[PDB]
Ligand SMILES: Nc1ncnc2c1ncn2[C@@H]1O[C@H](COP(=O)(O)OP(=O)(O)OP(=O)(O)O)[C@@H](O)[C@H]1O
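First comes one chain, alone, set out as structure tokens in the form solved without the named molecule.
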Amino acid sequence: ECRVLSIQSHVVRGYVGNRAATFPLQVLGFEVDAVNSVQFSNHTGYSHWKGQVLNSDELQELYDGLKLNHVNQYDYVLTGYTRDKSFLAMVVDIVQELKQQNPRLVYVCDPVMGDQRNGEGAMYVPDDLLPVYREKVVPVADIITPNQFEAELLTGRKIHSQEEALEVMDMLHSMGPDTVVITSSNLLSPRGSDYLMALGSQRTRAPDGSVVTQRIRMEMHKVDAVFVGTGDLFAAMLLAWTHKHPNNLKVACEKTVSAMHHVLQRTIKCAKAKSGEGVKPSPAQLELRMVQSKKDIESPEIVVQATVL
């Protein structure tokens, strides 16, 4: 389709934020407009890093710039990782106005707060953004893609099983999103810890008989290491697919997830090819071979399966 306004980080080297969401959304042909929330030499997982960040007024400035020219009409809107309470507030205001300009304006929001290894408490962002995502952000998004950990901070409920997972999504939907996709979880699955499971559900409509929800469950094949930027590349590719497949939360994750295995085992492939068998690949070597996946980002050779409910 077309016009995406993506507000995310930018790194000179590597793939994270806009660097991870642009090329994709581009070769799949979207007119991606990018607002760089920060500009760092590289992501903060490298030993060193240097750069500047955009404050709230600077973001404001760029947005004014677009109003004045009346070119501020967008179809879908994308956002991810932020550290600033205020930058996230502003971002909310901006997404509001853009929905009047275009009624079918879907705000796709990956609520990046932190991570899980196995049941817990603190995350990656200060704890003071938690409220903003819950009270202000999530009520306006139309597609969110949280961790199991994050889905729990949002709903404030701990996920212990599968159907406890499904009822944390429902408290999600009701929050606003006619789509929720738990990109990853601690939940063992019908296939072994070798794998990794994610969850998906989409609250739809038909006049009365006013209720439809759809659920599924992909299990893609875990990979031995620490990548950074995977969730940006995920949410980016979701949008694409969930673009073509408006009532098919099923059909979507399916191609997205599929593309994800290629990109990573090519990354992992080259990744080790730079220590072969012998030592751990450095942050540098793990960076996504997004370019080389020129060909797969493109054509998901559908390698995964999923069960409705």
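Only residues modelled in both forms are compared. Quick note: we count residues from 1 along the sequence shown, nothing fancier. In this text, the rigid core denotes the largest set of C-alpha atoms whose superposition between the two forms falls within 1.5 Å.
Keep in mind that the form deposited with the named molecule bound is missing from the display, and what follows is about it.
Comment: 223 to 231 is the region of 202 to 210, 223 to 231, 155 to 163, 85 to 93 lying near the named molecule in the bound PDB entry, near meaning a non-hydrogen atom within 4.5 Å. Though the named molecule is absent from this view, in the bound PDB entry it lies within 4.5 Å of a heavy atom of just one residue from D75, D115, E167, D142, which is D115. Contact with the named molecule in the bound PDB entry, defined as a heavy atom within 4.5 Å, holds for exactly one of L59, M260, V32, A240, namely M260. In the bound PDB entry, the named molecule sits beyond 4.5 Å of every heavy atom of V132. Using a 4.5 angstroms limit between non-hydrogen atoms, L264 touches the named molecule in the bound PDB entry. Put simply, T179 is far from the named molecule in the bound PDB entry: not one heavy atom of it is within 4.5 Å. Residue contact check for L187: none of its heavy atoms lie within 4.5 Å of the named molecule in the bound PDB entry.
Of all the residues from 181 to 201, those having a non-hydrogen atom no more than 4.5 Å from the named molecule in the bound PDB entry are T183, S184, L196. Candidate set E120, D224, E163, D93; criterion, C-alpha shift of 2 Å or more between the shown form and the other one after rigid-core fit; matching residue, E120.
Shown here is a form in which the CA atoms of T155 and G119 lie at least 3 Å closer together than they do in the bound PDB entry. Legend note: Cα of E120 to Cα of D224 is at least 3 Å closer in the bound PDB entry than in the depicted form.
Taking residues common to both forms and aligning the rigid core, Cα displacements of 2 Å or more over three or more consecutive positions between the shown form and the other one occur in 117 to 122, 275 to 277.
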